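Colleague: To start, I am sharing the structure in question, which I have written as structure tokens.
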Amino acid sequence: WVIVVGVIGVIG
């Protein structure tokens, strides 16, 4: 929460 590597835009 809220990491964005690629998209993949919901983690973490």
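Here's how to read the names in the structure tokens: chain A, B, ... by the order shown, residue numbers from 1 in each chain, ligand numbers from 1 in the order shown.
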Could you give me, as an MDAnalysis selection string, the residues within 12 Å of residue 1 of chain A, counting only C-alpha atoms and dropping anything in the same chain fewer than 2 positions from it?

Modeller: chainID A and resid 3:4 9:12
